[PDB]
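A short worksheet on the structure shown next.
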Amino acid sequence: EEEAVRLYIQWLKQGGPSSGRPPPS
């Protein structure tokens, strides 16, 4: 399901699980 997660992978690429950014919320 690389849509409802690609946004989130986008997050992770943005330093998601690192810079304190929120996932698809």
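Everything in the sequence shown is counted per the authors' numbering, starting at 1 for the first residue and increasing by one. Even for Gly, the Cβ is constructed at its ideal location relative to N, Cα and C.
Residue i - containing alpha helix (DSSP H), residue span
| i | result |
| --- | --- |
| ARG21 | Run containing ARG21: none; DSSP gives neither H nor E here. |
| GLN10 | 6 to 13 |
7 Å CB neighbourhood of residue i in its chain, flanking five on each side removed
| i | result |
| --- | --- |
| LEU7 | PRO24 |
| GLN14 | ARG21 |
| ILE9 | none |
| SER18 | none |
Contact set for residue i: own chain, Cβ-Cβ below 6 Å, skip 5 residues either direction
| i | result |
| --- | --- |
| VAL5 | none |
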